[PDB]
């Protein structure tokens, strides 16, 4: 996976997550400069890890003013933007117990802000004929007990990816979505006691490949879809879930014999 994006500029929302850092590293390795927009402070450290190749801009994407200031800063330090990766999300989700206020907050962060960040960067993507990668999940294709806000948000992101693709094609912008499964996480790392083999064995029940996915494995699909190798891919959902979404409630274990 030796793609060449020398001189290009990329924007990565929610770049403080392990997937976010893998996406940033993938872009830097390809020669691109990256601006990380996130509310989490840890992002700063990530940016410093790449010295002048990556810049961190703490941004509340629900604030239009914060987005305008972030794009101004990107223009001042890096230049015109070619790639946008919308990875920002909130895990505010208590199913039926979540309130109307929680619903609107989660939708604003997970969905509406993707529109506003794309809009603030649209003229750049138009001039550069760039590409956009949004993030769905296996949760956008299936129901999970007790989780409403994030699955519904991600299903909505899927449709938004299609509509953006259609209405952005005229300007030469490609828009796709990436649908991962269980990926090694900071949260999983802490609840598991930083024990990867056990977390993998738990995940084996829901992934044909028998483990959690690596952030790098997700980042590869992001970079492919951004690159010109995917020049005839727009509006598509690229699954990187180790086979999660081909299975139903029976999993990968026989079910008929239980009847006897």
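Numbering follows the first chain given and starts at 1.
According to the PDB record, 247 to 255 carries the higher mean C-alpha B-factor of the two stretches 247 to 255 and 233 to 241. In this crystal structure, the stretch out of 43 to 51 and 204 to 212 whose C-alpha atoms carry the higher mean B factor is 43 to 51.
Within the listed group 140, 133, 149, 188, the record reports its top CA B-factor for 188. When the modelled residues of the chain are ordered by C-alpha B-factor, residue 77 sits in the highest third. Remark: residue 99 belongs to the middle third of its chain, ranked by C-alpha B-factor as recorded. In this PDB entry, the Cα temperature factor of residue 23 sits in the bottom third of its chain's modelled residues, the lowest group. Per the PDB record, residue ranking by Cα B-factor puts residue 182 in the middle third of the chain. Among the modelled residues of the chain, residue 161 sits in the lowest third by CA temperature factor in this PDB entry.
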